[PDB]
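Structure below is final_33.cif: mmCIF, C-alpha atoms and all ligand atoms.
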data_final
#
loop_
_atom_site.label_atom_id
_atom_site.label_comp_id
_atom_site.auth_asym_id
_atom_site.auth_seq_id
_atom_site.Cartn_x
_atom_site.Cartn_y
_atom_site.Cartn_z
CA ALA A 1 -49.56 -30.10 104.83
CA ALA A 2 -50.41 -29.50 101.15
CA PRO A 3 -49.47 -32.64 99.15
CA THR A 4 -46.86 -32.19 96.42
CA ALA A 5 -44.86 -34.18 93.85
CA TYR A 6 -41.61 -34.06 91.83
CA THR A 7 -40.40 -35.44 88.51
CA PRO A 8 -37.32 -37.69 88.89
CA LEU A 9 -35.13 -34.92 87.43
CA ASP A 10 -36.18 -32.55 90.23
CA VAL A 11 -35.11 -34.99 92.95
CA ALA A 12 -31.81 -35.76 91.17
CA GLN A 13 -31.17 -32.00 90.99
CA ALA A 14 -31.90 -31.60 94.72
CA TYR A 15 -29.39 -34.39 95.48
CA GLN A 16 -26.87 -32.82 93.07
CA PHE A 17 -26.39 -35.73 90.65
CA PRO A 18 -23.23 -35.25 88.49
CA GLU A 19 -23.90 -33.43 85.21
CA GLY A 20 -22.91 -34.44 81.69
CA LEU A 21 -23.15 -38.14 82.52
CA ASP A 22 -26.06 -40.35 81.49
CA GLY A 23 -24.91 -43.92 82.08
CA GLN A 24 -23.59 -44.52 78.55
CA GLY A 25 -21.97 -47.96 78.37
CA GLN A 26 -23.77 -49.21 81.49
CA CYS A 27 -26.65 -51.67 81.98
CA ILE A 28 -29.10 -51.53 84.89
CA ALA A 29 -31.00 -54.70 85.79
CA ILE A 30 -34.44 -54.41 87.43
CA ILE A 31 -36.03 -57.41 89.19
CA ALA A 32 -39.80 -57.90 88.81
CA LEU A 33 -41.91 -60.62 90.45
CA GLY A 34 -45.22 -59.51 88.96
CA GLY A 35 -46.95 -57.20 86.51
CA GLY A 36 -45.20 -55.62 83.55
CA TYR A 37 -44.73 -52.47 81.49
CA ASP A 38 -46.19 -51.07 78.27
CA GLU A 39 -44.18 -49.21 75.62
CA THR A 40 -46.80 -46.47 75.33
CA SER A 41 -46.40 -45.27 78.93
CA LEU A 42 -42.58 -45.38 78.75
CA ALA A 43 -42.30 -43.54 75.43
CA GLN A 44 -44.73 -40.83 76.56
CA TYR A 45 -42.92 -40.35 79.86
CA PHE A 46 -39.36 -40.12 78.53
CA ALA A 47 -40.44 -37.80 75.73
CA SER A 48 -42.26 -35.59 78.26
CA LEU A 49 -39.05 -35.24 80.26
CA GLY A 50 -37.00 -34.39 77.17
CA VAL A 51 -34.59 -37.32 77.45
CA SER A 52 -33.61 -39.82 74.74
CA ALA A 53 -35.50 -43.01 75.66
CA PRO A 54 -33.12 -45.69 76.97
CA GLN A 55 -33.22 -49.17 75.46
CA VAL A 56 -35.44 -51.35 77.65
CA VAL A 57 -35.54 -55.12 77.19
CA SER A 58 -37.34 -57.94 78.98
CA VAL A 59 -35.68 -61.18 80.08
CA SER A 60 -37.75 -64.25 80.92
CA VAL A 61 -36.75 -66.22 84.01
CA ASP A 62 -38.42 -69.54 84.81
CA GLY A 63 -41.11 -68.89 82.20
CA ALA A 64 -42.23 -65.50 83.52
CA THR A 65 -42.64 -62.66 81.03
CA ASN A 66 -43.57 -59.00 80.71
CA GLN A 67 -47.32 -59.03 81.47
CA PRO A 68 -48.85 -55.72 82.55
CA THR A 69 -52.28 -56.12 84.21
CA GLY A 70 -53.43 -52.63 83.24
CA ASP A 71 -54.34 -51.57 86.80
CA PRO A 72 -52.40 -48.43 87.79
CA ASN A 73 -52.89 -49.39 91.44
CA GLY A 74 -51.44 -52.88 90.94
CA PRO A 75 -47.88 -54.29 90.40
CA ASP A 76 -47.52 -52.39 87.10
CA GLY A 77 -47.07 -49.37 89.36
CA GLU A 78 -43.95 -50.94 90.84
CA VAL A 79 -42.45 -52.13 87.52
CA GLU A 80 -43.04 -48.88 85.62
CA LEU A 81 -41.98 -46.69 88.56
CA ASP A 82 -38.64 -48.55 88.61
CA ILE A 83 -37.99 -48.19 84.86
CA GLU A 84 -39.13 -44.57 84.68
CA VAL A 85 -37.07 -43.38 87.66
CA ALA A 86 -33.88 -45.21 86.62
CA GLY A 87 -34.29 -44.57 82.89
CA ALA A 88 -35.07 -40.87 83.20
CA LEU A 89 -31.88 -40.31 85.23
CA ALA A 90 -29.53 -42.68 83.34
CA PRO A 91 -31.06 -42.56 79.82
CA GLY A 92 -27.74 -43.50 78.21
CA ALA A 93 -27.76 -46.84 80.02
CA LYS A 94 -29.49 -49.98 78.80
CA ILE A 95 -32.30 -51.26 81.02
CA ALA A 96 -32.91 -55.00 81.32
CA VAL A 97 -36.00 -56.13 83.25
CA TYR A 98 -35.91 -59.67 84.64
CA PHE A 99 -39.34 -61.24 85.15
CA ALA A 100 -39.66 -64.24 87.44
CA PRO A 101 -42.34 -66.16 89.36
CA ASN A 102 -43.35 -64.70 92.72
CA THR A 103 -41.60 -67.45 94.71
CA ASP A 104 -38.39 -67.68 96.76
CA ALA A 105 -36.69 -69.59 93.91
CA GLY A 106 -37.94 -67.15 91.28
CA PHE A 107 -36.57 -64.18 93.25
CA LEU A 108 -33.19 -65.91 93.62
CA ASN A 109 -33.04 -67.06 89.97
CA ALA A 110 -33.86 -63.57 88.67
CA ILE A 111 -30.95 -62.16 90.69
CA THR A 112 -28.38 -64.75 89.60
CA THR A 113 -29.50 -64.63 85.97
CA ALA A 114 -29.05 -60.85 85.89
CA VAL A 115 -25.72 -60.97 87.71
CA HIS A 116 -24.15 -63.53 85.33
CA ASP A 117 -25.85 -62.44 82.07
CA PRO A 118 -23.26 -62.54 79.19
CA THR A 119 -25.65 -60.90 76.72
CA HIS A 120 -26.87 -57.90 78.75
CA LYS A 121 -23.95 -57.78 81.21
CA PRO A 122 -25.50 -55.54 83.89
CA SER A 123 -23.21 -53.62 86.25
CA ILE A 124 -26.05 -52.61 88.60
CA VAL A 125 -29.10 -54.47 89.97
CA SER A 126 -32.09 -52.62 91.51
CA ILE A 127 -34.57 -54.45 93.80
CA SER A 128 -37.88 -53.01 95.05
CA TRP A 129 -39.51 -56.17 96.41
CA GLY A 130 -39.04 -57.68 99.89
CA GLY A 131 -40.37 -58.96 103.23
CA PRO A 132 -39.57 -59.17 107.01
CA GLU A 133 -36.16 -60.86 107.35
CA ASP A 134 -37.51 -63.12 110.09
CA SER A 135 -40.46 -64.31 107.98
CA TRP A 136 -38.13 -65.79 105.33
CA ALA A 137 -37.04 -69.45 105.25
CA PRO A 138 -33.45 -69.55 106.58
CA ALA A 139 -32.30 -71.56 103.53
CA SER A 140 -33.64 -68.84 101.22
CA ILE A 141 -31.94 -66.08 103.20
CA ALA A 142 -28.65 -68.00 102.90
CA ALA A 143 -28.95 -68.60 99.14
CA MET A 144 -29.90 -65.01 98.36
CA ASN A 145 -27.18 -63.59 100.62
CA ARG A 146 -24.57 -65.72 98.79
CA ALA A 147 -25.94 -64.50 95.46
CA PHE A 148 -25.35 -60.95 96.70
CA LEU A 149 -21.85 -61.92 97.87
CA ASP A 150 -21.10 -63.30 94.38
CA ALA A 151 -22.31 -60.05 92.80
CA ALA A 152 -19.94 -58.06 95.01
CA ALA A 153 -17.09 -60.34 93.91
CA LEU A 154 -17.99 -59.72 90.25
CA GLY A 155 -18.15 -55.94 90.61
CA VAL A 156 -21.94 -55.59 90.30
CA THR A 157 -23.74 -53.15 92.63
CA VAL A 158 -27.01 -54.33 94.23
CA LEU A 159 -29.53 -51.86 95.72
CA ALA A 160 -32.75 -52.64 97.65
CA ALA A 161 -35.71 -50.71 99.13
CA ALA A 162 -35.83 -50.85 102.96
CA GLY A 163 -39.61 -51.09 103.42
CA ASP A 164 -42.77 -48.98 103.74
CA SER A 165 -44.25 -50.05 107.10
CA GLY A 166 -41.94 -48.49 109.67
CA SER A 167 -39.89 -50.22 112.35
CA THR A 168 -42.42 -53.07 112.72
CA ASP A 169 -42.34 -53.86 108.97
CA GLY A 170 -46.01 -54.81 108.92
CA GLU A 171 -45.89 -57.43 111.67
CA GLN A 172 -48.10 -57.35 114.76
CA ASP A 173 -46.24 -59.70 117.09
CA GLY A 174 -45.17 -57.07 119.59
CA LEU A 175 -41.69 -56.86 118.06
CA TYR A 176 -39.66 -54.64 115.72
CA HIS A 177 -38.49 -56.07 112.36
CA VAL A 178 -36.22 -55.14 109.43
CA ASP A 179 -36.82 -56.08 105.76
CA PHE A 180 -34.88 -58.45 103.45
CA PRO A 181 -33.06 -58.25 100.99
CA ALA A 182 -32.28 -54.82 102.51
CA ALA A 183 -30.85 -56.51 105.62
CA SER A 184 -28.13 -58.35 103.66
CA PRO A 185 -24.73 -56.75 104.34
CA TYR A 186 -23.91 -57.02 100.61
CA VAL A 187 -26.86 -54.87 99.54
CA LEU A 188 -27.05 -51.07 99.59
CA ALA A 189 -30.21 -50.61 101.72
CA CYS A 190 -32.33 -47.62 100.70
CA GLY A 191 -34.53 -45.87 103.30
CA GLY A 192 -37.08 -43.06 102.90
CA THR A 193 -37.53 -39.39 103.72
CA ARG A 194 -39.94 -36.49 103.24
CA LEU A 195 -38.10 -34.06 100.96
CA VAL A 196 -38.98 -30.38 100.56
CA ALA A 197 -36.60 -29.00 97.95
CA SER A 198 -36.26 -26.69 94.97
CA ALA A 199 -33.69 -26.59 92.15
CA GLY A 200 -31.01 -24.81 94.17
CA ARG A 201 -31.52 -26.08 97.74
CA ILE A 202 -33.11 -28.54 100.18
CA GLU A 203 -35.44 -26.61 102.50
CA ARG A 204 -36.16 -29.60 104.73
CA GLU A 205 -35.64 -33.38 104.79
CA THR A 206 -37.06 -35.53 107.59
CA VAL A 207 -37.92 -39.17 108.26
CA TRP A 208 -40.85 -40.40 106.19
CA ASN A 209 -43.63 -41.22 108.68
CA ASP A 210 -47.30 -40.76 107.76
CA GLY A 211 -48.59 -43.03 110.51
CA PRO A 212 -50.19 -46.50 110.17
CA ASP A 213 -52.38 -45.23 107.33
CA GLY A 214 -49.72 -43.49 105.22
CA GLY A 215 -46.65 -45.67 105.72
CA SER A 216 -43.13 -45.02 107.01
CA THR A 217 -39.57 -46.00 106.04
CA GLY A 218 -38.27 -49.36 107.15
CA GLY A 219 -35.22 -49.34 109.41
CA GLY A 220 -33.77 -50.96 112.49
CA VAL A 221 -31.31 -53.61 113.63
CA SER A 222 -31.03 -57.07 112.03
CA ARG A 223 -31.50 -60.16 114.18
CA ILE A 224 -29.95 -62.36 111.47
CA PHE A 225 -26.82 -60.59 110.23
CA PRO A 226 -24.02 -59.54 112.61
CA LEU A 227 -22.86 -55.92 112.68
CA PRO A 228 -20.43 -55.64 109.70
CA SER A 229 -16.84 -54.63 110.40
CA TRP A 230 -17.25 -51.62 108.10
CA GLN A 231 -20.33 -50.46 110.05
CA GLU A 232 -18.86 -50.68 113.57
CA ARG A 233 -18.12 -46.94 113.70
CA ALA A 234 -21.62 -45.83 112.63
CA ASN A 235 -22.95 -46.13 116.19
CA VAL A 236 -25.76 -48.57 115.37
CA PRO A 237 -27.80 -48.99 118.60
CA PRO A 238 -28.77 -52.36 120.06
CA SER A 239 -32.13 -53.74 118.93
CA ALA A 240 -35.16 -52.24 120.66
CA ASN A 241 -36.59 -55.74 121.10
CA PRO A 242 -36.33 -57.08 124.67
CA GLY A 243 -33.05 -58.92 124.96
CA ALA A 244 -31.37 -56.22 122.92
CA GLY A 245 -28.72 -57.55 120.58
CA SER A 246 -26.17 -56.20 118.12
CA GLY A 247 -26.78 -56.49 114.38
CA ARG A 248 -26.43 -55.01 110.86
CA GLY A 249 -28.12 -51.60 110.89
CA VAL A 250 -30.72 -50.72 108.26
CA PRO A 251 -30.74 -48.61 106.07
CA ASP A 252 -27.41 -47.47 104.56
CA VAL A 253 -28.69 -44.37 102.74
CA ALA A 254 -32.06 -42.67 102.20
CA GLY A 255 -33.95 -40.57 99.68
CA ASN A 256 -37.34 -39.02 99.02
CA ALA A 257 -40.09 -41.61 99.51
CA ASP A 258 -43.04 -39.82 101.15
CA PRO A 259 -46.08 -40.12 98.84
CA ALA A 260 -47.12 -36.68 100.17
CA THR A 261 -43.99 -35.35 98.38
CA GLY A 262 -43.86 -38.18 95.83
CA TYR A 263 -42.85 -38.90 92.24
CA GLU A 264 -44.87 -37.87 89.21
CA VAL A 265 -45.04 -40.91 86.90
CA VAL A 266 -47.15 -42.45 84.12
CA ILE A 267 -48.54 -45.89 85.01
CA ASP A 268 -50.66 -47.74 82.46
CA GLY A 269 -51.39 -44.44 80.72
CA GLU A 270 -52.33 -42.58 83.90
CA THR A 271 -50.28 -39.64 85.18
CA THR A 272 -50.16 -40.01 88.96
CA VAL A 273 -48.03 -39.76 92.14
CA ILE A 274 -46.25 -42.72 93.73
CA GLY A 275 -43.79 -42.94 96.59
CA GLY A 276 -42.33 -45.52 98.94
CA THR A 277 -38.79 -46.83 99.30
CA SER A 278 -39.42 -48.66 96.00
CA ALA A 279 -38.47 -45.44 94.22
CA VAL A 280 -35.20 -44.96 96.09
CA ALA A 281 -33.31 -48.03 94.80
CA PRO A 282 -33.75 -47.09 91.10
CA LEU A 283 -33.03 -43.43 91.93
CA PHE A 284 -29.63 -44.33 93.32
CA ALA A 285 -29.07 -47.01 90.65
CA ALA A 286 -29.08 -44.16 88.11
CA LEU A 287 -26.57 -42.24 90.26
CA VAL A 288 -24.23 -45.24 90.30
CA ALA A 289 -24.60 -45.61 86.51
CA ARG A 290 -23.36 -42.03 86.04
CA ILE A 291 -20.44 -42.57 88.41
CA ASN A 292 -19.45 -45.80 86.61
CA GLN A 293 -19.51 -44.06 83.23
CA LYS A 294 -17.12 -41.39 84.50
CA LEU A 295 -14.77 -43.80 86.31
CA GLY A 296 -14.57 -46.15 83.34
CA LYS A 297 -14.83 -49.10 85.72
CA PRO A 298 -17.82 -50.29 87.82
CA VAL A 299 -17.84 -49.40 91.53
CA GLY A 300 -19.52 -52.71 92.36
CA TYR A 301 -19.88 -53.31 96.12
CA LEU A 302 -19.99 -49.83 97.71
CA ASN A 303 -20.94 -50.28 101.39
CA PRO A 304 -17.42 -50.55 102.89
CA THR A 305 -16.28 -47.46 100.99
CA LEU A 306 -19.36 -45.39 101.84
CA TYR A 307 -18.92 -45.79 105.59
CA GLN A 308 -15.34 -44.50 105.50
CA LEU A 309 -15.99 -41.45 103.29
CA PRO A 310 -16.04 -37.98 104.85
CA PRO A 311 -19.50 -37.04 106.23
CA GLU A 312 -19.66 -34.01 103.91
CA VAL A 313 -20.61 -36.47 101.15
CA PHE A 314 -24.07 -36.94 102.73
CA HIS A 315 -26.98 -34.78 103.88
CA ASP A 316 -27.63 -35.88 107.49
CA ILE A 317 -31.33 -36.39 108.44
CA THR A 318 -31.84 -35.75 112.17
CA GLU A 319 -35.57 -35.23 112.66
CA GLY A 320 -38.38 -37.78 112.92
CA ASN A 321 -38.92 -41.46 113.75
CA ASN A 322 -40.26 -44.52 111.89
CA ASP A 323 -42.61 -45.83 114.60
CA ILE A 324 -46.18 -46.40 113.36
CA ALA A 325 -47.21 -48.93 116.00
CA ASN A 326 -47.02 -47.18 119.38
CA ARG A 327 -45.89 -44.03 121.26
CA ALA A 328 -42.31 -45.17 122.02
CA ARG A 329 -40.65 -43.51 118.99
CA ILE A 330 -38.61 -46.59 118.08
CA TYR A 331 -36.56 -45.91 116.04
CA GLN A 332 -35.58 -42.25 116.02
CA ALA A 333 -33.37 -40.19 113.68
CA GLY A 334 -30.52 -38.13 115.08
CA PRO A 335 -27.00 -36.85 114.29
CA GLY A 336 -24.87 -39.28 112.26
CA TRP A 337 -26.07 -42.74 111.18
CA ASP A 338 -29.55 -43.73 112.48
CA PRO A 339 -32.02 -46.64 111.97
CA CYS A 340 -34.40 -44.50 109.91
CA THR A 341 -32.16 -42.99 107.22
CA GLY A 342 -28.68 -44.46 107.62
CA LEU A 343 -25.96 -42.03 106.45
CA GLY A 344 -28.63 -39.74 104.96
CA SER A 345 -29.24 -38.67 101.36
CA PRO A 346 -26.13 -38.64 99.11
CA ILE A 347 -24.71 -35.50 97.47
CA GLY A 348 -24.06 -36.81 93.96
CA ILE A 349 -21.19 -34.61 92.87
CA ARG A 350 -19.38 -34.97 96.20
CA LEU A 351 -19.73 -38.75 96.06
CA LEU A 352 -18.27 -38.89 92.53
CA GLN A 353 -15.41 -36.57 93.48
CA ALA A 354 -14.60 -38.72 96.52
CA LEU A 355 -14.57 -41.86 94.34
CA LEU A 356 -12.19 -40.46 91.71
CA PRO A 357 -8.68 -42.05 91.84
CA CA B 401 -28.94 -39.03 110.86
#
In structure tokens, how does this file's structure come out?
Amino acid sequence: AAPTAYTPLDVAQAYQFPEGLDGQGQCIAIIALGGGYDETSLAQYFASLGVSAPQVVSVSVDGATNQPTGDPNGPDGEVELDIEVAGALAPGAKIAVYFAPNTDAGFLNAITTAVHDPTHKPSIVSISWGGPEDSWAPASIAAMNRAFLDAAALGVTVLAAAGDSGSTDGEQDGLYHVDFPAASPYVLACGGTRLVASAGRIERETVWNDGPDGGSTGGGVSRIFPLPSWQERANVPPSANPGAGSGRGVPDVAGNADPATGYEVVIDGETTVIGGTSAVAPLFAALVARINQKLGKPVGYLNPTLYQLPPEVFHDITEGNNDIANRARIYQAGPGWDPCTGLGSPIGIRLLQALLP
């Protein structure tokens, strides 16, 4: 009941991120379609957490540049949240922020520029922007999906937030919807939970659902992408939409996203609390950066591997639902993979151990 908050280091500790690794030798790309960041907020934040500030650079795509608006409740909140969460957990990595116009082409161009960048050479790309998969122009969905396929071929990992408006994803057409780019089978879709944890243990972790007014994790069954071969044993249910139908299940993994148990951050000079699935992609991008540093080679496309790893690698979320539109409880969490939290929250050290050759 009483609202709380954590620093990124607290959440990483709860999820047991591997120690002694900081992402040295890695580069994390962050995609931004609006706003910007200021050096004052970043320097203050990293210093406050006692970590050596990672190098952060801006890259202009299609004329867009780093332009913070100054409003802590605006897009700066998204941009700075992404950099602060990823940078605080992988401070040894270099952060490259790609700014592009808020258009379908800008979104695509930012992704491809980051993926093929010979100067910054990112090994990981984190995305916290999106929209209902069925509201996108089919041609755009195709181009972006191929960009993600190319990234997988090049050994670059791509992570994306699953959404903050439950199973209906903000649409009021009497149907359930999943978000894109999260729906792409080549993206690691990140869902959200309500985490109650301390340094040594997780007391409780449930589906993030604060009703219509507070938001809920995105999740469901795609109506565009078929069920991937590597996800056929996860027991993804048929769509809840009349007519049913098999499809790629969203999300793949999940992490703390409930604003009521959110992240303490500094946005445009203001210390505040922010949540949402937007925080989960950069959180796990940092985890991947640590793993890559240890392995000496980038893990790149992880989805196929994740679904065949032993279940002990994840913390299974079984309680709650992401329905904020009606009383039907579509969709509900349960044992194993579900359309609210996927495989659950990852156990960092167990994931690294399982990925060691
Ligand atoms: Ca589950």
Where does chain A meet ligand CA 401 (chain B) within 6 Å, residue by residue, with the nearest atom pair and distance in Å to one decimal for each, counting all atoms listed in the file, listed by chain and rising number, as JSON lines?
{"residue": "A:316", "atom": "CA", "partner": "B:CA401", "partner_atom": "CA", "distance": 4.8}
{"residue": "A:317", "atom": "CA", "partner": "B:CA401", "partner_atom": "CA", "distance": 4.3}
{"residue": "A:318", "atom": "CA", "partner": "B:CA401", "partner_atom": "CA", "distance": 4.6}
{"residue": "A:333", "atom": "CA", "partner": "B:CA401", "partner_atom": "CA", "distance": 5.4}
{"residue": "A:334", "atom": "CA", "partner": "B:CA401", "partner_atom": "CA", "distance": 4.6}
{"residue": "A:335", "atom": "CA", "partner": "B:CA401", "partner_atom": "CA", "distance": 4.5}
{"residue": "A:336", "atom": "CA", "partner": "B:CA401", "partner_atom": "CA", "distance": 4.3}
{"residue": "A:337", "atom": "CA", "partner": "B:CA401", "partner_atom": "CA", "distance": 4.7}
{"residue": "A:338", "atom": "CA", "partner": "B:CA401", "partner_atom": "CA", "distance": 5.0}
{"residue": "A:344", "atom": "CA", "partner": "B:CA401", "partner_atom": "CA", "distance": 6.0}
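The nearest approach to residue 176 in chain A among the residues A:237, A:298, A:346, A:219, with all atoms listed in the file taken into account, belongs to A:219.
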Residue list as a PyMOL selection string for point (-34.0, -55.1, 85.0), cut-off 10 Å, all atoms listed in the file
chain A and resi 27-32+56-59+79+82-83+94-99+110-111+114+120+122+124-127
Identify which of the residues A:322, A:112, A:193, A:341 lies closest to residue 168 in chain A, counting all atoms listed in the file when measuring atom-to-atom distances.
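Of A:322, A:112, A:193, A:341, the one nearest residue 168 in chain A, counting all atoms listed in the file, is A:322.
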Kindly give the distance, in Å, that separates CA of residue 249 in chain A and CA of residue 352 in chain A, rounded to a single decimal.
24.4 Å
For residue 183 in chain A, please output as an MDAnalysis selection string all residues within 10 Å (counting all atoms listed in the file; exclusion window: fewer than 5 positions along the same chain).
chainID A and resid 132:133 141 145 160:162 178 188:189 219:225 247:252
With C-alpha atoms retained, write the just-selected residues as a CSV table (one decimal), in the coordinates of the input.
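Contents of the output file again-v7.csv:
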chain,number,residue,atom,x,y,z
A,132,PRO,CA,-39.6,-59.2,107.0
A,133,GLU,CA,-36.2,-60.9,107.4
A,141,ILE,CA,-31.9,-66.1,103.2
A,145,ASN,CA,-27.2,-63.6,100.6
A,160,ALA,CA,-32.8,-52.6,97.6
A,161,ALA,CA,-35.7,-50.7,99.1
A,162,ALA,CA,-35.8,-50.8,103.0
A,178,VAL,CA,-36.2,-55.1,109.4
A,188,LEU,CA,-27.0,-51.1,99.6
A,189,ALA,CA,-30.2,-50.6,101.7
A,219,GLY,CA,-35.2,-49.3,109.4
A,220,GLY,CA,-33.8,-51.0,112.5
A,221,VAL,CA,-31.3,-53.6,113.6
A,222,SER,CA,-31.0,-57.1,112.0
A,223,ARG,CA,-31.5,-60.2,114.2
A,224,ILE,CA,-30.0,-62.4,111.5
A,225,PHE,CA,-26.8,-60.6,110.2
A,247,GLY,CA,-26.8,-56.5,114.4
A,248,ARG,CA,-26.4,-55.0,110.9
A,249,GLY,CA,-28.1,-51.6,110.9
A,250,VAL,CA,-30.7,-50.7,108.3
A,251,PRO,CA,-30.7,-48.6,106.1
A,252,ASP,CA,-27.4,-47.5,104.6
Nearest candidate to residue 52 in chain A (options A:92, A:212, A:70, A:77; using all atoms listed in the file):
A:92
Is it possible to get the axis-aligned box enclosing range 14-17 of chain A (all listed atoms, 8 Å extra per side) as JSON, with centre and edge lengths in Å rounded to one decimal?
{"center_x": -29.1, "center_y": -33.7, "center_z": 93.1, "size_x": 21.5, "size_y": 20.1, "size_z": 20.8}
Which residue gives the smallest distance to residue 148 in chain A among A:284, A:301, A:208, A:230, with all atoms listed in the file counted?
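Nearest to residue 148 in chain A: A:301.
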If I take CA of residue 62 in chain A and CA of residue 137 in chain A, how far is one from the other in Å, to one decimal?
20.5 Å
What's the separation between CA of residue 201 in chain A and CA of residue 287 in chain A, in Å to one decimal place?
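Those two atoms sit 18.5 Å apart.
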Which residues of range 192-306 of chain A have any atom within 7 Å of an atom in range 9-24 of chain A when counting all atoms listed in the file, and what is the closest pair of atoms for each, with the distance in Å to one decimal? Order the rows by chain and rising number and write it as a Markdown table.
| residue | atom | partner | partner_atom | distance |
| --- | --- | --- | --- | --- |
| A:197 | CA | A:14 | CA | 6.3 |
| A:198 | CA | A:14 | CA | 6.6 |
| A:199 | CA | A:14 | CA | 5.9 |
| A:200 | CA | A:14 | CA | 6.9 |
| A:201 | CA | A:14 | CA | 6.3 |
| A:202 | CA | A:14 | CA | 6.4 |
| A:287 | CA | A:17 | CA | 6.5 |
| A:289 | CA | A:23 | CA | 4.8 |
| A:290 | CA | A:23 | CA | 4.7 |
| A:293 | CA | A:23 | CA | 5.5 |
Taking only C-alpha atoms into account, which of A:356, A:265, A:257, A:285 comes nearest residue 297 in chain A?
A:356
Can you put N, CA and C atoms back into range 221-237 of chain A and show it as a short mmCIF file (atom, residue, chain, number, x, y, z; two decimals), in the coordinates of the input?
data_model
loop_
_atom_site.label_atom_id
_atom_site.label_comp_id
_atom_site.auth_asym_id
_atom_site.auth_seq_id
_atom_site.Cartn_x
_atom_site.Cartn_y
_atom_site.Cartn_z
N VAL A 221 -32.49 -52.78 113.39
CA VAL A 221 -31.31 -53.61 113.63
C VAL A 221 -31.62 -55.07 113.30
N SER A 222 -30.82 -55.67 112.42
CA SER A 222 -31.03 -57.07 112.03
C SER A 222 -30.83 -58.05 113.18
N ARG A 223 -31.61 -59.12 113.17
CA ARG A 223 -31.50 -60.16 114.18
C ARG A 223 -30.89 -61.40 113.51
N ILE A 224 -30.54 -61.26 112.23
CA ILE A 224 -29.95 -62.36 111.47
C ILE A 224 -28.49 -62.12 111.09
N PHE A 225 -28.18 -60.92 110.63
CA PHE A 225 -26.82 -60.59 110.23
C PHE A 225 -26.04 -59.79 111.27
N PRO A 226 -24.82 -60.26 111.62
CA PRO A 226 -24.02 -59.54 112.61
C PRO A 226 -23.65 -58.15 112.10
N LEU A 227 -23.28 -57.27 113.02
CA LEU A 227 -22.86 -55.92 112.68
C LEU A 227 -21.58 -56.03 111.82
N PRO A 228 -21.61 -55.55 110.56
CA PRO A 228 -20.43 -55.64 109.70
C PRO A 228 -19.25 -54.82 110.22
N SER A 229 -18.04 -55.31 109.95
CA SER A 229 -16.84 -54.63 110.40
C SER A 229 -16.82 -53.18 109.91
N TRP A 230 -17.23 -52.97 108.66
CA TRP A 230 -17.25 -51.62 108.10
C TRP A 230 -18.35 -50.71 108.65
N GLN A 231 -19.24 -51.26 109.48
CA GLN A 231 -20.33 -50.46 110.05
C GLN A 231 -20.19 -50.29 111.57
N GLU A 232 -19.08 -50.77 112.12
CA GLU A 232 -18.86 -50.68 113.57
C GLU A 232 -18.62 -49.28 114.12
N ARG A 233 -18.35 -48.32 113.25
CA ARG A 233 -18.12 -46.94 113.70
C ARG A 233 -19.30 -46.02 113.39
N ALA A 234 -20.42 -46.60 112.96
CA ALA A 234 -21.62 -45.83 112.63
C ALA A 234 -22.52 -45.61 113.85
N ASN A 235 -22.18 -46.25 114.96
CA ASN A 235 -22.95 -46.13 116.19
C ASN A 235 -24.38 -46.68 116.08
N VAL A 236 -24.48 -47.87 115.50
CA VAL A 236 -25.76 -48.57 115.37
C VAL A 236 -26.14 -48.95 116.80
N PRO A 237 -27.38 -48.65 117.23
CA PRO A 237 -27.80 -48.99 118.60
C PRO A 237 -28.18 -50.47 118.71
#
